[PDB]
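Chemist: The structure file model.pdb (PDB, C-alpha atoms) is provided below.
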MODEL        1
ATOM      1  CA  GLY E   1     136.178 -67.077  76.052  1.00  0.00           C
ATOM      2  CA  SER E   2     136.627 -69.655  78.803  1.00  0.00           C
ATOM      3  CA  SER E   3     137.284 -69.416  82.543  1.00  0.00           C
ATOM      4  CA  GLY E   4     138.322 -72.738  84.046  1.00  0.00           C
ATOM      5  CA  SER E   5     140.659 -73.654  86.895  1.00  0.00           C
ATOM      6  CA  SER E   6     143.469 -71.391  88.098  1.00  0.00           C
ATOM      7  CA  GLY E   7     146.532 -72.154  85.997  1.00  0.00           C
ATOM      8  CA  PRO E   8     148.537 -71.352  82.846  1.00  0.00           C
ATOM      9  CA  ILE E   9     145.395 -71.815  80.754  1.00  0.00           C
ATOM     10  CA  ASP E  10     144.074 -68.476  82.006  1.00  0.00           C
ATOM     11  CA  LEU E  11     147.465 -66.826  81.510  1.00  0.00           C
ATOM     12  CA  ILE E  12     147.488 -67.545  77.776  1.00  0.00           C
ATOM     13  CA  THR E  13     144.953 -65.696  75.627  1.00  0.00           C
ATOM     14  CA  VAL E  14     144.126 -66.024  71.930  1.00  0.00           C
ATOM     15  CA  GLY E  15     146.542 -63.890  69.935  1.00  0.00           C
ATOM     16  CA  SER E  16     149.530 -64.373  72.228  1.00  0.00           C
ATOM     17  CA  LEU E  17     152.675 -64.591  70.101  1.00  0.00           C
ATOM     18  CA  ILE E  18     155.021 -67.513  70.751  1.00  0.00           C
ATOM     19  CA  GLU E  19     157.932 -69.325  69.105  1.00  0.00           C
ATOM     20  CA  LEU E  20     157.901 -72.871  67.730  1.00  0.00           C
ATOM     21  CA  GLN E  21     160.435 -75.468  66.588  1.00  0.00           C
ATOM     22  CA  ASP E  22     160.540 -77.438  63.336  1.00  0.00           C
ATOM     23  CA  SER E  23     160.090 -81.214  63.388  1.00  0.00           C
ATOM     24  CA  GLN E  24     162.787 -81.482  60.721  1.00  0.00           C
ATOM     25  CA  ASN E  25     164.757 -78.340  61.569  1.00  0.00           C
ATOM     26  CA  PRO E  26     165.383 -78.357  65.346  1.00  0.00           C
ATOM     27  CA  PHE E  27     167.986 -75.586  65.209  1.00  0.00           C
ATOM     28  CA  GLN E  28     165.663 -73.452  63.086  1.00  0.00           C
ATOM     29  CA  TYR E  29     162.580 -71.796  64.575  1.00  0.00           C
ATOM     30  CA  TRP E  30     159.694 -69.520  63.601  1.00  0.00           C
ATOM     31  CA  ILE E  31     157.228 -67.046  65.105  1.00  0.00           C
ATOM     32  CA  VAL E  32     153.572 -68.017  65.505  1.00  0.00           C
ATOM     33  CA  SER E  33     150.404 -66.498  66.962  1.00  0.00           C
ATOM     34  CA  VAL E  34     147.795 -68.267  69.090  1.00  0.00           C
ATOM     35  CA  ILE E  35     144.750 -68.660  66.848  1.00  0.00           C
ATOM     36  CA  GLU E  36     142.514 -70.269  69.471  1.00  0.00           C
ATOM     37  CA  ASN E  37     142.760 -71.681  72.995  1.00  0.00           C
ATOM     38  CA  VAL E  38     140.495 -74.612  73.862  1.00  0.00           C
ATOM     39  CA  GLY E  39     141.285 -75.756  77.389  1.00  0.00           C
ATOM     40  CA  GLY E  40     145.010 -75.602  76.741  1.00  0.00           C
ATOM     41  CA  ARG E  41     144.678 -76.361  73.036  1.00  0.00           C
ATOM     42  CA  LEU E  42     146.636 -73.547  71.389  1.00  0.00           C
ATOM     43  CA  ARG E  43     146.198 -73.563  67.612  1.00  0.00           C
ATOM     44  CA  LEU E  44     149.437 -72.023  66.343  1.00  0.00           C
ATOM     45  CA  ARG E  45     149.750 -70.785  62.761  1.00  0.00           C
ATOM     46  CA  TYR E  46     152.946 -69.581  61.084  1.00  0.00           C
ATOM     47  CA  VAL E  47     152.625 -65.799  60.834  1.00  0.00           C
ATOM     48  CA  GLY E  48     151.728 -64.655  57.333  1.00  0.00           C
ATOM     49  CA  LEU E  49     149.346 -67.490  56.495  1.00  0.00           C
ATOM     50  CA  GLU E  50     146.586 -65.950  58.612  1.00  0.00           C
ATOM     51  CA  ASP E  51     144.396 -65.803  55.506  1.00  0.00           C
ATOM     52  CA  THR E  52     144.696 -69.512  54.717  1.00  0.00           C
ATOM     53  CA  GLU E  53     143.593 -72.119  57.257  1.00  0.00           C
ATOM     54  CA  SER E  54     145.294 -75.304  56.057  1.00  0.00           C
ATOM     55  CA  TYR E  55     148.933 -75.021  57.128  1.00  0.00           C
ATOM     56  CA  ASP E  56     147.926 -74.646  60.776  1.00  0.00           C
ATOM     57  CA  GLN E  57     149.096 -76.586  63.830  1.00  0.00           C
ATOM     58  CA  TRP E  58     147.532 -77.509  67.172  1.00  0.00           C
ATOM     59  CA  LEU E  59     149.529 -78.032  70.368  1.00  0.00           C
ATOM     60  CA  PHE E  60     149.264 -77.857  74.159  1.00  0.00           C
ATOM     61  CA  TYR E  61     150.969 -75.366  76.473  1.00  0.00           C
ATOM     62  CA  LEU E  62     152.538 -78.481  77.991  1.00  0.00           C
ATOM     63  CA  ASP E  63     154.940 -78.787  75.057  1.00  0.00           C
ATOM     64  CA  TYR E  64     158.687 -78.200  74.776  1.00  0.00           C
ATOM     65  CA  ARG E  65     158.635 -76.573  71.338  1.00  0.00           C
ATOM     66  CA  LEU E  66     156.607 -73.666  72.721  1.00  0.00           C
ATOM     67  CA  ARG E  67     159.226 -71.035  73.551  1.00  0.00           C
ATOM     68  CA  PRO E  68     159.103 -67.308  74.412  1.00  0.00           C
ATOM     69  CA  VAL E  69     159.872 -64.773  71.682  1.00  0.00           C
ATOM     70  CA  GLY E  70     163.247 -63.155  72.286  1.00  0.00           C
ATOM     71  CA  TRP E  71     165.566 -66.046  73.101  1.00  0.00           C
ATOM     72  CA  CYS E  72     166.511 -66.379  69.431  1.00  0.00           C
ATOM     73  CA  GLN E  73     167.681 -62.772  69.705  1.00  0.00           C
ATOM     74  CA  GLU E  74     170.537 -63.952  71.922  1.00  0.00           C
ATOM     75  CA  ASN E  75     172.151 -66.489  69.591  1.00  0.00           C
ATOM     76  CA  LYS E  76     170.110 -66.093  66.406  1.00  0.00           C
ATOM     77  CA  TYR E  77     170.986 -69.690  65.534  1.00  0.00           C
ATOM     78  CA  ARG E  78     168.647 -69.544  62.538  1.00  0.00           C
ATOM     79  CA  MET E  79     165.356 -67.679  62.141  1.00  0.00           C
ATOM     80  CA  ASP E  80     163.626 -68.990  59.017  1.00  0.00           C
ATOM     81  CA  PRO E  81     160.267 -70.627  58.187  1.00  0.00           C
ATOM     82  CA  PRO E  82     159.806 -74.172  56.822  1.00  0.00           C
ATOM     83  CA  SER E  83     160.409 -74.925  53.143  1.00  0.00           C
ATOM     84  CA  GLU E  84     156.783 -76.070  53.083  1.00  0.00           C
ATOM     85  CA  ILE E  85     155.713 -72.422  53.220  1.00  0.00           C
ATOM     86  CA  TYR E  86     158.866 -70.428  52.483  1.00  0.00           C
ATOM     87  CA  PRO E  87     158.253 -71.024  48.754  1.00  0.00           C
ATOM     88  CA  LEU E  88     154.497 -70.548  49.126  1.00  0.00           C
ATOM     89  CA  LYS E  89     155.158 -66.856  49.764  1.00  0.00           C
ATOM     90  CA  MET E  90     157.812 -64.351  48.696  1.00  0.00           C
ATOM     91  CA  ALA E  91     160.905 -64.056  50.890  1.00  0.00           C
ATOM     92  CA  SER E  92     159.718 -60.497  51.515  1.00  0.00           C
ATOM     93  CA  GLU E  93     156.260 -61.663  52.583  1.00  0.00           C
ATOM     94  CA  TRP E  94     157.917 -63.922  55.156  1.00  0.00           C
ATOM     95  CA  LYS E  95     160.160 -61.137  56.452  1.00  0.00           C
ATOM     96  CA  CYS E  96     157.341 -58.587  56.585  1.00  0.00           C
ATOM     97  CA  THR E  97     155.025 -60.575  58.854  1.00  0.00           C
ATOM     98  CA  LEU E  98     158.132 -61.665  60.758  1.00  0.00           C
ATOM     99  CA  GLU E  99     159.164 -58.147  61.774  1.00  0.00           C
ATOM    100  CA  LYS E 100     155.722 -56.660  62.419  1.00  0.00           C
ATOM    101  CA  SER E 101     154.979 -59.732  64.536  1.00  0.00           C
ATOM    102  CA  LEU E 102     158.137 -59.367  66.624  1.00  0.00           C
ATOM    103  CA  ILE E 103     156.862 -55.979  67.786  1.00  0.00           C
ATOM    104  CA  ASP E 104     153.340 -57.214  68.520  1.00  0.00           C
ATOM    105  CA  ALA E 105     154.878 -59.720  70.933  1.00  0.00           C
ATOM    106  CA  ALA E 106     156.287 -56.771  72.878  1.00  0.00           C
ATOM    107  CA  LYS E 107     152.775 -55.317  73.035  1.00  0.00           C
ATOM    108  CA  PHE E 108     150.934 -58.509  73.978  1.00  0.00           C
ATOM    109  CA  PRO E 109     153.697 -60.562  75.651  1.00  0.00           C
ATOM    110  CA  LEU E 110     152.891 -63.369  78.089  1.00  0.00           C
ATOM    111  CA  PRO E 111     154.205 -63.834  81.654  1.00  0.00           C
ATOM    112  CA  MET E 112     157.132 -66.221  82.103  1.00  0.00           C
ATOM    113  CA  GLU E 113     154.926 -68.134  84.540  1.00  0.00           C
ATOM    114  CA  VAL E 114     153.292 -69.744  81.504  1.00  0.00           C
ATOM    115  CA  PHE E 115     156.578 -71.474  80.681  1.00  0.00           C
ATOM    116  CA  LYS E 116     157.572 -72.059  84.305  1.00  0.00           C
ATOM    117  CA  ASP E 117     159.708 -75.204  84.197  1.00  0.00           C
ATOM    118  CA  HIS E 118     163.038 -76.552  85.450  1.00  0.00           C
ATOM    119  CA  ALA E 119     165.307 -79.543  84.840  1.00  0.00           C
ATOM    120  CA  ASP E 120     168.910 -80.750  84.660  1.00  0.00           C
ATOM    121  CA  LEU E 121     170.761 -77.752  83.227  1.00  0.00           C
ATOM    122  CA  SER E 122     174.288 -78.711  84.282  1.00  0.00           C
ATOM    123  CA  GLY E 123     177.095 -78.425  81.749  1.00  0.00           C
ATOM    124  CA  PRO E 124     177.760 -81.227  79.240  1.00  0.00           C
ATOM    125  CA  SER E 125     180.008 -84.238  79.827  1.00  0.00           C
ATOM    126  CA  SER E 126     182.362 -86.175  77.552  1.00  0.00           C
ATOM    127  CA  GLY E 127     181.572 -89.844  77.017  1.00  0.00           C
TER     128      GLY E 127
ENDMDL
END
Is it possible to express this structure as structure tokens?
Modeler:
Amino acid sequence: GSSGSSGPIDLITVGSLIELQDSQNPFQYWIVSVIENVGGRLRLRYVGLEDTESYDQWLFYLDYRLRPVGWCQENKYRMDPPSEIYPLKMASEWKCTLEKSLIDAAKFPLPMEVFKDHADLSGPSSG
């Protein structure tokens, strides 16, 4: 493990399930699971590809893409993986790991504190 300063780094622990956005598909999102945490370096990996270690992704808890699992359950804008993997596996294989994962998040969920932020949230304005 690793015990550094007192912050969000200690709050997050390998395995923690979190949501991520797509560079190309902003409206679309997917569920990932923390593979490893190196001083804030959370190596996310689209659920289902646990076996393979090529289509992984590394990011810091200080990112905007990192979102809590459950928000998409309010609007459900669009919950689907990237076409870079979607085809790699069977639609069923993507839905299987998707569901099972959802539950896990409810068993090993992280404290909001982790994503404790705030900024201009006022309604839009015509221009």
Chemist: Kindly give the distance, in Å, that separates CA of residue 1 in chain E and CA of residue 49 in chain E, rounded to a single decimal.
Modeler: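 Separating CA of residue 1 in chain E from CA of residue 49 in chain E is a distance of 23.6 Å.
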Chemist: Please list as a list in words every residue within 9 Å of residue 27 in chain E, counting all atoms listed in the file and excluding residues in the same chain fewer than 5 positions away.
Modeler: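 The filter keeps residues 21, 22, 77, 78 and 79 of chain E.
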Chemist: Using 10 Å as the limit and counting only C-alpha atoms, can you tabulate each residue of range 30-65 of chain E that touches range 5-17 of chain E, with its shortest atom-to-atom distance in Å and the two atoms involved, as a tab-separated table?
Modeler:
residue	atom	partner	partner_atom	distance
E:31	CA	E:17	CA	7.2
E:32	CA	E:17	CA	5.8
E:33	CA	E:17	CA	4.3
E:34	CA	E:15	CA	4.6
E:35	CA	E:14	CA	5.8
E:36	CA	E:14	CA	5.2
E:37	CA	E:14	CA	5.9
E:38	CA	E:9	CA	8.9
E:39	CA	E:9	CA	6.6
E:40	CA	E:9	CA	5.5
E:41	CA	E:9	CA	9.0
E:42	CA	E:14	CA	7.9
E:43	CA	E:14	CA	8.9
E:44	CA	E:17	CA	8.9
E:47	CA	E:17	CA	9.3
E:60	CA	E:9	CA	9.7
E:61	CA	E:9	CA	7.9
E:62	CA	E:8	CA	9.5
Chemist: Using only C-alpha atoms, determine which residues lie at most 12 Å from residue 29 in chain E, disregarding the query and same-chain residues fewer than 5 positions distant; provide the list as a tab-separated table (two decimals) with C-alpha atoms, in the coordinates of the input.
Modeler:
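What ended up in part_5.tsv:
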chain	number	residue	atom	x	y	z
E	18	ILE	CA	155.02	-67.51	70.75
E	19	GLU	CA	157.93	-69.32	69.10
E	20	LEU	CA	157.90	-72.87	67.73
E	21	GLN	CA	160.44	-75.47	66.59
E	22	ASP	CA	160.54	-77.44	63.34
E	23	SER	CA	160.09	-81.21	63.39
E	24	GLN	CA	162.79	-81.48	60.72
E	46	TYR	CA	152.95	-69.58	61.08
E	65	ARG	CA	158.64	-76.57	71.34
E	66	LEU	CA	156.61	-73.67	72.72
E	67	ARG	CA	159.23	-71.04	73.55
E	68	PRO	CA	159.10	-67.31	74.41
E	69	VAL	CA	159.87	-64.77	71.68
E	70	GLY	CA	163.25	-63.16	72.29
E	71	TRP	CA	165.57	-66.05	73.10
E	72	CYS	CA	166.51	-66.38	69.43
E	73	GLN	CA	167.68	-62.77	69.70
E	76	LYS	CA	170.11	-66.09	66.41
E	77	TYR	CA	170.99	-69.69	65.53
E	78	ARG	CA	168.65	-69.54	62.54
E	79	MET	CA	165.36	-67.68	62.14
E	80	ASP	CA	163.63	-68.99	59.02
E	81	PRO	CA	160.27	-70.63	58.19
E	82	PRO	CA	159.81	-74.17	56.82
E	98	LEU	CA	158.13	-61.66	60.76
Chemist: CA of residue 92 in chain E and CA of residue 51 in chain E are how many Å apart?
Modeler: 16.7 Å
Chemist: Just need the box for range 114-127 of chain E, edges along x, y and z, holding every atom the file lists for it with 5 Å tacked onto each side, so centre and edge lengths in Å to one decimal, as AutoDock Vina command-line options.
Modeler:
--center_x 167.8 --center_y -79.8 --center_z 81.2 --size_x 39.1 --size_y 30.1 --size_z 18.4
Chemist: Kindly reconstruct range 79-100 of chain E with N, CA, C and O atoms and present the result as a tab-separated table (two decimals), in the frame of the given file.
Modeler:
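Output file out.tsv follows:
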chain	number	residue	atom	x	y	z
E	79	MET	N	166.76	-68.07	62.15
E	79	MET	CA	165.36	-67.68	62.14
E	79	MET	C	164.79	-67.71	60.73
E	79	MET	O	164.88	-66.72	59.99
E	80	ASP	N	164.21	-68.84	60.35
E	80	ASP	CA	163.63	-68.99	59.02
E	80	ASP	C	162.50	-70.02	59.03
E	80	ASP	O	162.58	-71.05	59.70
E	81	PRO	N	161.43	-69.74	58.28
E	81	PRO	CA	160.27	-70.63	58.19
E	81	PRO	C	160.58	-71.91	57.43
E	81	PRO	O	161.63	-72.05	56.80
E	82	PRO	N	159.65	-72.88	57.50
E	82	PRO	CA	159.81	-74.17	56.82
E	82	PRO	C	159.71	-74.05	55.30
E	82	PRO	O	159.03	-73.17	54.78
E	83	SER	N	160.41	-74.94	54.60
E	83	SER	CA	160.41	-74.92	53.14
E	83	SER	C	159.02	-75.25	52.60
E	83	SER	O	158.75	-75.07	51.41
E	84	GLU	N	158.14	-75.72	53.48
E	84	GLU	CA	156.78	-76.07	53.08
E	84	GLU	C	155.95	-74.82	52.85
E	84	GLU	O	154.90	-74.87	52.21
E	85	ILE	N	156.42	-73.69	53.37
E	85	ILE	CA	155.71	-72.42	53.22
E	85	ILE	C	156.62	-71.36	52.61
E	85	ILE	O	156.18	-70.53	51.82
E	86	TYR	N	157.89	-71.39	52.99
E	86	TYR	CA	158.87	-70.43	52.48
E	86	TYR	C	158.60	-70.11	51.01
E	86	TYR	O	158.49	-68.95	50.61
E	87	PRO	N	158.50	-71.16	50.19
E	87	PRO	CA	158.25	-71.02	48.75
E	87	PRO	C	156.84	-70.54	48.46
E	87	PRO	O	156.61	-69.81	47.49
E	88	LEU	N	155.89	-70.94	49.30
E	88	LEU	CA	154.50	-70.55	49.13
E	88	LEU	C	154.37	-69.03	49.01
E	88	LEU	O	153.56	-68.52	48.23
E	89	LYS	N	155.18	-68.31	49.78
E	89	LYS	CA	155.16	-66.86	49.76
E	89	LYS	C	156.52	-66.30	49.37
E	89	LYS	O	157.51	-67.03	49.32
E	90	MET	N	156.57	-65.00	49.09
E	90	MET	CA	157.81	-64.35	48.70
E	90	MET	C	158.67	-64.05	49.92
E	90	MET	O	158.17	-63.60	50.95
E	91	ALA	N	159.97	-64.30	49.80
E	91	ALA	CA	160.90	-64.06	50.89
E	91	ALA	C	160.54	-62.78	51.65
E	91	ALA	O	160.66	-62.72	52.87
E	92	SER	N	160.10	-61.77	50.91
E	92	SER	CA	159.72	-60.50	51.52
E	92	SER	C	158.46	-60.65	52.37
E	92	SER	O	158.36	-60.07	53.45
E	93	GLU	N	157.51	-61.43	51.87
E	93	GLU	CA	156.26	-61.66	52.58
E	93	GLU	C	156.51	-62.37	53.91
E	93	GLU	O	155.77	-62.19	54.88
E	94	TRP	N	157.57	-63.18	53.95
E	94	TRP	CA	157.92	-63.92	55.16
E	94	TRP	C	158.66	-63.03	56.14
E	94	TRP	O	158.56	-63.21	57.36
E	95	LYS	N	159.40	-62.06	55.62
E	95	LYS	CA	160.16	-61.14	56.45
E	95	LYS	C	159.26	-60.02	56.99
E	95	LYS	O	159.47	-59.53	58.09
E	96	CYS	N	158.27	-59.64	56.19
E	96	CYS	CA	157.34	-58.59	56.58
E	96	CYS	C	156.56	-58.99	57.83
E	96	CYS	O	156.63	-58.31	58.86
E	97	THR	N	155.82	-60.09	57.73
E	97	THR	CA	155.02	-60.58	58.85
E	97	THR	C	155.91	-60.98	60.02
E	97	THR	O	155.47	-61.03	61.17
E	98	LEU	N	157.18	-61.26	59.73
E	98	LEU	CA	158.13	-61.66	60.76
E	98	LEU	C	158.49	-60.48	61.65
E	98	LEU	O	158.50	-60.60	62.88
E	99	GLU	N	158.80	-59.35	61.03
E	99	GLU	CA	159.16	-58.15	61.77
E	99	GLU	C	157.96	-57.60	62.54
E	99	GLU	O	157.98	-57.54	63.77
E	100	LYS	N	156.93	-57.20	61.81
E	100	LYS	CA	155.72	-56.66	62.42
E	100	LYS	C	155.29	-57.50	63.62
E	100	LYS	O	154.91	-56.96	64.66
